[PDB]
Amino acid sequence: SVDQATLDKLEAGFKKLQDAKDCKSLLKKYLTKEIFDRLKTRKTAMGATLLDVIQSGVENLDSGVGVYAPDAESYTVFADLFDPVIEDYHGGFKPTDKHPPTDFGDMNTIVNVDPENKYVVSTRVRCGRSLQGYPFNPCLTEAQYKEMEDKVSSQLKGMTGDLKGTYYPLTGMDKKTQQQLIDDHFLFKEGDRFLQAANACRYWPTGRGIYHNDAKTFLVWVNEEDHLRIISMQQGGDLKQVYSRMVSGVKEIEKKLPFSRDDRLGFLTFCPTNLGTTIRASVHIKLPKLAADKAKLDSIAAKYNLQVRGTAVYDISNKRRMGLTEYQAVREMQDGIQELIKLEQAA
């Protein structure tokens, strides 16, 4: 049963949303009075309430999305809010649509998109995971932070071969180690006001840590936002090597740590923007001729559902997460980057 202190905070937050006439968040768009009244009395088995979903969007009215998952079951209990948010953010993933089963695909069809190292500075593929049986970061207790860091770090420290490396707890980290990790772009710090208000930064830094392999091509963050962020990266354009290393690491971790996955939504994450495959593939790439015609550049990327940002030089990444397989997402990135390089060469 939801307690009165929580209901009072919920009623005040709903009123705050309605009084902010300039608020444009998906939270405000889809938390109708009818849905609010239906959901405000519900609780997950782990104890999460509607407040553990919406509080960050109430506290940060300029949120784009404004809702987070406090545990895996929340996607079911609060589906009447999550479902239209997901459909809107993911551009047409309807409440009745279903994400395909996991398929990393045929690695032999993924390639080095720039063997000459003429255009691609670096290549990165990232994914995220929640561990089955644990609340998400809005609701982890201090004891759960300690237990899961022990379990995760033990599995990471047992990895061998290309994945052999070093675990660094944030707890007790000294300034020399911090600077070393900053120099490698491997450090994360306390979360921003969106994470803070989502209650994702409690008991800082208990249960938070960093792992990388000896070659510094494989990086794992523990409880930065999701339970696990798993990142593979290297200089140049060998997407085959980068993607296969990420998949190898994900599968090794999974052997002793089962992940939370939903038949409709795929892998379950703290932020609904990261569902489905959870995969973000990106390149840092130099395309100076296409830069002279940014409209043209933006048009090619859009054809392959890629987004182009700064970081002549661009960070180009895939936009799609839901309704396609891991293979399809990485292939979309490979195809798009190949087409961009082709058109740069012909320009």
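Positions are given from 1 along the sequence. Note that these values count all heavy atoms, side chains included, but never hydrogens, waters or copies made by symmetry.
- Using a 4.0 Å cut-off between charged side-chain N and carboxylate O, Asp106 and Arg331 make no salt bridge.
- Across all their heavy atoms, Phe14 and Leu31 have their closest contact at CE1-O, 3.4 Å.
- Hydrophobic cluster membership differs between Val222 and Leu195, with clusters built from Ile, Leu, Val, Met, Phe, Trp and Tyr side chains linked at under 4.5 angstrom.
- To the nearest 0.5 Å, atoms CZ (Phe78) and NZ (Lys40) are separated by 13.0 Å.
- Under 3.5 Å, the side chains of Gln196 and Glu190 contain a donor-acceptor pair of N or O atoms.
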As a quick check of understanding, evaluate side chain to side chain donor-acceptor pair (under 3.5 Å) for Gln180 and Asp184, giving each step before the final call. CA-CA 7 Å; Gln180 169 198 312; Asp184 296 316; 5.1 Å; no

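- The existence of a salt bridge linking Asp19 and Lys15 is confirmed by a sub-4.0 Å separation between a basic side-chain nitrogen and an acidic carboxylate oxygen.
- The number of heavy atoms from other shown groups lying within 6.0 Å of NZ (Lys240) is above 12.
- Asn223 has its side chain within reach of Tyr145: a pair of non-hydrogen atoms, C-beta onward, lies under 4.5 Å apart.
- The CD atom of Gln132 sits 11.5 Å away from atom CZ of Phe259, with the distance rounded to the nearest 0.5 Å.
- We find that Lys289 and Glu344 are not joined by a salt bridge, their nearest charged nitrogen and carboxylate oxygen being 4.0 Å or further apart.
- The line from CG of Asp298 to CD of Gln307 is 10.5 Å long, rounded to the nearest 0.5 Å.
- Taking the six-membered ring where the residue is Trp, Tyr75 and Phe82 present tilted rings, their angle falling between 30° and 60°.
- When the ring-ring contact (aromatic ring centres under 6.0 Å, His included) test is applied to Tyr119, no partner is found at least two apart in sequence or on another chain.
- Tested against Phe136 for a side-chain contact (heavy atoms from CB on, under 4.5 Å), the candidates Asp226, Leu268, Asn199 yield a single pass: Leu268.
- Scanning all heavy atoms of the two residues, the minimum distance from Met333 to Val283 falls at CE-N, 3.5 Å.
- Residues meeting the side chain to side chain contact (heavy atoms under 4.5 Å, CB included) test with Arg38, sequence neighbours left out: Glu34, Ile35, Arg42, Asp80.
- Residues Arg124 and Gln234 have side chains not in contact (no heavy-atom distance under 4.5 Å, counting atoms from C-beta outward).
- Defined by atom type and a distance below 3.5 Å, a donor-acceptor pair is present between the side-chain atoms of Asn213 and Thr217.
- Listed by first then second residue, pairs satisfying ring-ring contact (aromatic ring centres under 6.0 Å, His included) with a partner in residues 299-331 number zero, not counting sequence neighbours.
- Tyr211 places none of its side-chain heavy atoms less than 4.5 Å from the side chain of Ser153.
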Can I get a per-line list of side-chain donor-acceptor pairs under 3.5 Å for residues 157-167, giving both atom names and the distance, sequence neighbours left out?
{"residue": "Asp162", "atom": "OD2", "partner": "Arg245", "partner atom": "NE", "Å": "3.1"}
{"residue": "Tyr167", "atom": "OH", "partner": "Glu149", "partner atom": "OE2", "Å": "2.8"}

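- Residues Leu239 and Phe218 are members of one and the same hydrophobic cluster, defined by side-chain heavy-atom contacts under 4.5 angstrom among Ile, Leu, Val, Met, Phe, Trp and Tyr.
- Taken to the nearest 0.5 Å, the CD atom of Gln55 stands 10.5 Å off from the CG atom of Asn60.
- A search for side chain to side chain contact (heavy atoms under 4.5 Å, CB included) contacts involving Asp103 returns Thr325, not counting sequence neighbours.
- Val77 is connected to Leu265 through a chain of hydrophobic side-chain contacts under 4.5 Å among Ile, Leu, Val, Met, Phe, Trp and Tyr, so both are in one cluster.
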Give the table of side-chain donor-acceptor pairs shorter than 3.5 Å for residues 336-343, with sequence neighbours excluded, one pair per line with atom names and distance.
{"residue": "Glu339", "atom": "OE2", "partner": "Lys342", "partner atom": "NZ", "Å": "2.7"}

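- Checked options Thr44, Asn137, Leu140; the residue passing with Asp71 is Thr44 (criterion: side-chain contact (heavy atoms from CB on, under 4.5 Å)).
- Nearest heavy-atom pair, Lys28 versus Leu17, reported as atom, atom and distance to 0.1 Å: NZ-O, 2.9 Å.
- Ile210 belongs to a hydrophobic cluster whose remaining members, ordered by chain and number, are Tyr168, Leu170, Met173, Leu181, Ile182, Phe186, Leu187, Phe188, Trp204, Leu219, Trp221, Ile231, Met233; membership requires side-chain heavy atoms of ILVMFWY residues under 4.5 Å apart, directly or through intermediates.
- Atoms CD1 and SG, on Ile230 and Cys127 in that order, are 4.5 Å from each other to the nearest 0.5 Å.
- Taking the side-chain hydrogen bond (donor to acceptor under 3.5 Å, both in side chains) definition, one finds that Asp192 meets it with nothing, sequence neighbours left out.
- The same ILVMFWY cluster, assembled from side-chain heavy atoms under 4.5 Å apart, contains both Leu257 and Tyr134.
- Note that the CG atom of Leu306 and the CD1 atom of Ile300 stand 10.5 Å from one another [nearest 0.5 Å].
- Nearest heavy-atom pair across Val113 and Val120 is CG2-CG2, 4.2 Å.
- Under the side-chain hydrogen bond (donor to acceptor under 3.5 Å, both in side chains) criterion, the residue pairs touching residues 257-279 are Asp83-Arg264, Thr102-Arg261, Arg129-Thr278, with sequence neighbours excluded.
- For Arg208 and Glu224, the salt-bridge test fails: no basic side-chain N is under 4.0 Å from an acidic carboxylate O.
- Every side chain to side chain contact (heavy atoms under 4.5 Å, CB included) that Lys251 has, sequence neighbours left out, goes to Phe104, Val247.
- The ring-ring contact (aromatic ring centres under 6.0 Å, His included) analysis of residues 273-293, with sequence neighbours excluded, yields no pairs.
- Proximity of a side-chain donor or acceptor of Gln155 to a complementary backbone N or O of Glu252 within less than 3.5 Å is detected.
- A salt bridge links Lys33 to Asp37: one of the charged nitrogens lies within less than 4.0 Å of a carboxylate oxygen.
- A 4.5 Å side-chain heavy-atom check between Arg126 and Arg229 finds at least one atom pair inside the cut-off.
- Donor-acceptor pairing under 3.5 Å is lacking for the side chains of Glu326 and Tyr243.
- Here the shortest heavy-atom pairing between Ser74 and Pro70 reads OG-CD, 3.4 Å.
- Two residues are said to be in side-chain contact when any heavy atoms from C-beta on lie closer than 4.5 Å; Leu131 and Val152 meet this criterion.
- Looking only at side-chain heavy atoms (C-beta outward), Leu290 and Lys296 come within less than 4.5 Å of each other.
- Heavy-atom neighbours of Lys16 NZ from other residues, nucleotides or ligands within 6.0 Å: above the threshold of 12.
- Hydrophobic cluster membership differs between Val242 and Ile285, with clusters built from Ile, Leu, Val, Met, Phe, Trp and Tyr side chains linked at under 4.5 angstrom.
- The backbone N or O of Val330 lies less than 3.5 Å from no partner atom in the side chain of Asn318, so there is not a single donor-acceptor pair.
- Looking at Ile279 and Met246, their side chains come closer than 4.5 Å, going by heavy atoms from C-beta outward.
- Distance alone, capped at 3.5 Å, is enough to place a donor-acceptor pair between the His227 side chain and the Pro135 backbone.
- Between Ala198 and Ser56 the shortest heavy-atom distance is N-CB, 3.7 Å.
- The side chain to side chain contact (heavy atoms under 4.5 Å, CB included) search around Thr49 returns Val2, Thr6, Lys43, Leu51, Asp52, not counting sequence neighbours.
- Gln334 places none of its side-chain heavy atoms less than 4.5 Å from the side chain of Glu332.
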